[PDB]
């Protein structure tokens, strides 16, 4: 599909079966989502946002379903004011920025 960027490129994803709304971010290197609990392994971690730092948890080998595609990705969880899917999952789906 094609996202015209005239409005926020939002969409539905299922993190291990759980539906959440996310904004596709081409400037971020990683992925952060709030409101999710998982059984995969993890390790604590601090991320730097545009405004400052927040505390997160990082899970690995997390199965994600987006745009009818399934991938095994690494994702962070914490109290973010906006859910985002960064480049790490975008490249695995074959997405590109055209002009």
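Only the largest set of C-alpha atoms that superpose within 1.5 Å between the two forms is called the rigid core. Positions refer to the first chain, counted from 1.
Taking the rigid core as the alignment reference, the C-alpha atoms of 39-47 lie farther on average from the displayed form in 6 other deposited structures of this protein than those of the other stretch among 39-47 and 67-75. Once the C-alpha B-factors are averaged per stretch, 34-42 and 70-78 rank with 34-42 first. Of all the options 12, 83, 88, 18, the entry's greatest CA B-factor is assigned to 18. Per-chain ranking of the deposited C-alpha B factor places residue 65 in the highest third.
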